[PDB]
Amino acid sequence: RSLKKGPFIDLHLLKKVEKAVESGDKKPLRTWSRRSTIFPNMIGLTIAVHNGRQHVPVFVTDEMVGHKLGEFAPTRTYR
Amino acid sequence: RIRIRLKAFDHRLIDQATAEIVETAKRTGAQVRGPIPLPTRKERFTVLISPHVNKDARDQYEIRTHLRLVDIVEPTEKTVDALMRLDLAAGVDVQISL
Amino acid sequence: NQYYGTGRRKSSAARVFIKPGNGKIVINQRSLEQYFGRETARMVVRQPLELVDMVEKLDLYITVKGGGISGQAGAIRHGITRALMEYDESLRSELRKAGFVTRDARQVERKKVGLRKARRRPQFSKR
Amino acid sequence: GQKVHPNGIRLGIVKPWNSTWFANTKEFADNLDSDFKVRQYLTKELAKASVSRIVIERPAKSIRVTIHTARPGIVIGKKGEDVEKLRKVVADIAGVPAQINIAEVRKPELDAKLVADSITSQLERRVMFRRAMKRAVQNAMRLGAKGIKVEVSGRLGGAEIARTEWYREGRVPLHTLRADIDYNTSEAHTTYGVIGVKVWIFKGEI
Amino acid sequence: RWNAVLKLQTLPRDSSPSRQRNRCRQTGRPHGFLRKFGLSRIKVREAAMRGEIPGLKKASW
Amino acid sequence: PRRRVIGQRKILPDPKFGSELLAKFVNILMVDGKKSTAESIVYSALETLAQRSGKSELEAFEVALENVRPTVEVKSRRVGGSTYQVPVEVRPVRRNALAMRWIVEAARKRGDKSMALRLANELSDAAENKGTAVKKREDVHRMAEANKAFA
RNA sequence: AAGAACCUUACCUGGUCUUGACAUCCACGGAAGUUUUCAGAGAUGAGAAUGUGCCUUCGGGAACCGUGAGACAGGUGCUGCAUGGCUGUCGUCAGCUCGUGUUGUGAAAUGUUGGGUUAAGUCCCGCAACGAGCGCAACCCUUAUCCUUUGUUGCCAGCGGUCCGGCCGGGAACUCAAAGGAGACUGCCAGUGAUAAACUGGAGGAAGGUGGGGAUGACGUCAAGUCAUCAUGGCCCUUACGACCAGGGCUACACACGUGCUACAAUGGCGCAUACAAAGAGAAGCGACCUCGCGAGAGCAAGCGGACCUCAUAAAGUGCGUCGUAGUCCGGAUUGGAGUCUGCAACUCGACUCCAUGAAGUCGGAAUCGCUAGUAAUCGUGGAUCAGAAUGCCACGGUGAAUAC
């Protein structure tokens with residue numbers, strides 16, 4: 001898609017991810033960052049991605065390699 | 001050859017420095033080209049007057065940048081130093097390259 | 001010998017020279033006709049070689065820069081009428097009646113703050 | 001006000017700039033930074049002396065500050081001493097060699113910034129302004145001003161409503177383009193707040 | 001991209017030219033700033049008309 | 001206007017063709033400063049007019065214009081009661097102006113091809129005196145004298 | 001507001017601190033500082049390293065850091081109807097006023113009404129008013145024309161020499177440039193006009209009746225706008241309305257309106273060839289050239305702090321050819337897929353490329369806006385703002401009118 005030759009991911013979250021990868025899934029992790037672009041290693045693991053007032057529960061699945069954390073999170077309430 | 005390109009706010013001021021380089025040069029030695037004029041740079045600004053709102057009227061400003069170029073084709077090397085240095089160049093900026 | 005005439009219109013510098021002869025029209029060392037002179041100032045610049053005399057009595061050398069079509073023409077036009085003087089400038093007196101001894105002074109008016117162009121004013125809600 | 005500033009319009013005409021050093025784009029901001037800094041300290045120290053106008057000018061790639069004034073006496077004191085004492089701390093502020101020359105102007109009541117501080121000081125005394133300001137204006141005409149005008153602006157007399165009050169005496173020919181106009185705003189600070197003091201003095205036509 | 005080197009984003013993010021604003025040097029205003037004096041327009045005008053800024057004048061082109 | 005007089009410059013005569021009248025016609029016709037596309041249109045229209053009619057060059061558009069020149073125009077005016085339309089006798093200059101003026105709007109309104117052709121066709125049904133320009137002319141004569149004496 | 005991805009940004013939900021983010025001031029201990037780490041979203045707290053310096057008077061002291069103390073700091077908090085300062089606006093509209101004098105019981109009037117005249121309280125004459133000052137006018141900048149001074153990085157006629165390219169001698173003529181100057185003053189004449197003022201017409205002249213533009217804004221009006229540019233009287237909070245930090249919001253969306261851009265086409269689209277600009281900007285910049293890539297762009301990389309070099313190869317226009325009245329070889333919305341560029345960061349929330357998709361629209365109601373000549377109109381270019389940000393604003397030129405009884 002876009003953003004040139006390879007995306008960015010968050011360092012502090014990556015060390016928590018290696019616990020989630022090695023030990024397997026446990027619970028939604030409460031993360032302030034939305035910034036990371038998902039790649040295969042985050043798949044099958046419960047995380048939670050901030051919307052500016054709460055971490056939104058994303059369980060990661062197969063095609064999410066195409067996506068960032070942030071995309072599933074709603075920052076503007078509606079009727 | 002050796003040349004002075006000058007820069008000035010006042011046209012009648014860079015005029016006196018390029019007068020002084022001429023009469024210094026033909027005094028101390030010879031061979032000066034006087035002031036080649038060269039086109040004027042004009043820094044034209046416009047800025048908004050009001051502290052708040054009122055876009056409509058603004059005030060325009062200008063800084064006229066007068067250049068001059070003087071060359072000496074002078075080969076009298078040991079009177080070139082006497083031409084050099086001693087001048088204060090009418091209180092405005094000058095640069096002297098070979 | 002040579003008869004010189006300068007002229008300007010709209011910041012276009014021209015340099016006209018004239019001597020006797022069955023002249024073709026020479027502009028920047030090419031013909032004006034090979035500069036599309038069917039269209040480019042087509043009879044416009046050959047104004048002194050219209051009213052007071054015919055074309056084929058003077059050789060002519062012209063060098064022009066700046067403007068577009070009408071921009072290029074008037075500098076050459078006012079240089080060529082002034083250069084028309086093989087035996088004196090007596091024909092300027094007849095060209096005075098025509099008006100081609102006087103170049104058109106006019107230039108573009110600047111942009112100023114609060115106008116869309118130069119006299120064009122914006123529209124504004126109610127009144 | 002809605003008039004153009006007399007000082008600014010006449011800069012290329014008949015009023016020298018109050019800094020006159022040349023600079024290139026790289027150091028133009030930094031020279032103007034030290035120039036705007038020095039004038040704060042310079043206005044602060046020389047209150048008794050009272051500044052007429054200042055030339056901040058270019059010597060040998062350093063700085064020089066010719067200060068004109070009503071009163072040299074407090075500035076000079078003994079020899080070159082109390083001028084040098086200022087010039088030393090200016091050299092620290094500028095960061096380069098600083099050179100100071102103090103320049104007296106005789107009949108100082110005739111010049112505009114100088115009279116304005118005198119008027120504004122009697123506002124600090126809290127005088128009856130209606131007589132006091134006009135008595136100051138009359139002094140200039142008495143001392144051979146061609147024209148003079150004053151305007152004050154604010155809660156004058158401590159007033160609940162804001163008010164204004166000019167006076168003018170002599171020929172001050174404002175929209176005349178050749179005219180030499182010396183003009184200055186100054187303000188007073190009172191227990192009722194700030195009072196503006198504007199003064200126009202007219203010398204000549206060429 | 002490459003190895004550990006792209007992961008070196010432990011910087012303060014105060015490094016970036018995306019970060020510093022260029023506020024008015026005298027007043028802190030973050031609007032109306034021309035770079036040439038490095039001030040917002042009103043203190044430029046306040047100085048210029050009072051004749052302090054060297055070589056600067058009105059324009060009538 | 002009310003006070004000071006206006007009397008503009010008399011424009012360039014058209015090159016070779018020699019009609020300063022047709023030079024004024026292209027200046028009226030001119031779209032958006034394109035005097036170049038205007039002069040491109042006019043000769044193509046003038047050749048196609050003279051080719052169709054079988055006539056000579058200068059008098060072809062001139063005879064077509066001549067039928068469509070009325071001697072009067074009307075003005076909206078009021079003094080007493082609610083607005084009146086008042087006929088007035090045209091200036092001879094403004095006469096030739098009004099004939100040319102209605103032509104360009106008429107040529108835009110046609111069912112025809114591109115501009116050289118459609119303008120020549122408009123000149124054709126003014127030369128034949130049966131199209132839109134004669135219909136615009138043949139109005140004011142009926143309207144006059146129901147309303148004669150107001151200023 | 002001449003630039004909301006974080007920062008900006010003030011506000012919210014969250015995480016924190018409280019003599020603090022910043023001043024002024026003391027004591028006490030520590031060079032400042034350059035390295036690295038764990039835990040945390042980060043701020044951060046909590047570390048191990050190391051370094052341990054100019055003056056010294058051997059109690060030091062200046063540069064500077066950390067800790068603690070109390071005087072205090074702080075506020076884009078509140079009050080523009082407490083204010084300065086500053087600005088809009090009626091309006092560059094031609095008016096507006098004070099000295100004395102006279103006139104009236106007096107408020108006041110006259111001056112500043114008249115008779116003419118103009119762009120004009122412009123000017124004459126007349127006058128119970130004479131004078132003054134602010135004002136328009138005019139001094140200025142820029143532009144229309146000429147002459148002198150000056151000739152490189154600019155320019156090239158006459159000259160030679162030319163890879164015959166202003167390229168290289170050279171000429172500096174001439175262009176341009178920028179320094180200095182001239183000329184136009186109702187002055188020249190005629191006529192008309194109260195003879196005066198003035199006016200009309202013509203002359204001569206490159207420029208004629210304020211030459212054009214710009215700058216230049218009277219006394220005063222709206223207790224106008226601005227306590228968020230700043231200053232500031234007064235009021236208030238001062239372990240919170242302050243300060244620091246992360247993410248979010250400022251870009252939402254059944255709607256209404258303003259101000260702009262782009263269309264609805266054939267004077268035009270689309271394809272090829274062909275050609276004149278004017279003003280800019282540039283060193284954490286602009287970046288040729290050369291090569292590479294579908295292109296956006298990428299790699300290598302001269303020259304120049306600029307009449308030189310760079311962005312930078314101005315477009316409409318013009319010559320040929322195609323399309324032929326159609327929701328089109330018109331038009332681009334929307335949306336898909338695949339890409340490039342900046343930055344710690346493209347996620348809410350960037351620009352841009354490529355391929356694909358091809359809504360609406362076939363010229364807009366009542367109503368309403370602008371403009372009197374290089375203007376309207378129309379096509380390009382440039383700058384400020386700036387990491388990246390434009391259909392805005394600000395600037396420049398090309399083409400270039402119609403109509404004013």
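Each reported figure results from applying straightforward, stated rules to the coordinates on display, with no laboratory input. We place every Cβ from the backbone using ideal geometry, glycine too, and count neighbours over all the protein chains shown.
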Cβ pairs under 9 Å, 6+ apart, first in the stretch A:1-15 and more than 9 Å from chain E (Cβ to nearest Cβ), second assigned to a helix (DSSP H, G or I): A:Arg1/A:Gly66
Among (1) within 30 Å of C:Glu39 (Cβ to Cβ); (2) touching a residue at least 60 places away in the same chain (Cβ under 8 Å), the one test that F:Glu59 misses: (2)
Members of the stretch B:11-61 that are buried (at least 16 other Cβ atoms within 10 Å of the Cβ) and within 10 Å of chain E (Cβ to nearest Cβ): B:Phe45, B:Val47, B:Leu48, B:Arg58, B:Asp59, B:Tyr61
Top-ranked residue in the stretch D:165-205 [being near RNA strand G (Cβ under 6 Å from one of its atoms), farther than 18 Å from D:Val150 by Cα and of a type in the set (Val, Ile, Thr); ranked as surrounded by the most Cβ atoms within 10 Å (Cβ to Cβ)]: D:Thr176
Odd one out for D:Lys78 among (1) away from RNA strand G (no atom under 16 Å from the Cβ); (2) touching a residue at least 24 places away in the same chain (Cβ under 8 Å): (2)
Sole residue being outside any loop (DSSP other than H, G, I, E, B) and near RNA strand G (Cβ under 10 Å from one of its atoms), chosen from A:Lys4, A:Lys16: A:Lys16
Members of the stretch C:100-127 that are under 26 Å from C:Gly21 (Cα atoms) and more than 7 Å from RNA strand G (Cβ to nearest atom): C:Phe100
Failed condition for D:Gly157, given (1) touching a residue at least 60 places away in the same chain (Cβ under 8 Å); (2) more than 16 Å from D:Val199 (Cβ to Cβ): (1)
Which listed residue, of B:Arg3, B:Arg68, is away from chain E (no Cβ under 14 Å), farther than 25 Å from E:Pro54 by Cβ, touching a residue at least 40 places away in the same chain (Cβ under 8 Å) and assigned to a strand (DSSP E or B): B:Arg3
Conditions (1) outside any strand (DSSP E or B); (2) within 22 Å of E:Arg13 (Cβ to Cβ); (3) touching a strand residue (DSSP E or B) at 6+ places or on another chain (Cβ under 6 Å); number of the one not met by A:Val49: (1)
Matching residues in the stretch F:36-51 - criterion: being over 11 Å from F:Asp14 (Cβ atoms) and either surrounded by 20 or more Cβ atoms within 10 Å (Cβ to Cβ) or out of contact with any helix residue (DSSP H, G or I) (no Cβ under 6 Å at 6 or more places or on another chain) (or both): F:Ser36, F:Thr37, F:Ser40, F:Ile41, F:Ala45, F:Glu47, F:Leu49, F:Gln51
Selected residue (only one of C:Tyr61, C:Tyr3 is under 19 Å from C:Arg92 (Cα atoms), of a type in the set (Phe, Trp, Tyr) and either more than 7 Å from RNA strand G (Cβ to nearest atom) or surrounded by 13 or more Cβ atoms within 10 Å (Cβ to Cβ) (or both)): C:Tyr3
Residue, nearest to the other protein chains (Cβ to nearest Cβ), within the stretch A:19-38, restricted to residues that are away from RNA strand G (no atom under 12 Å from the Cβ) and not in a helix (DSSP H, G or I): A:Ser23
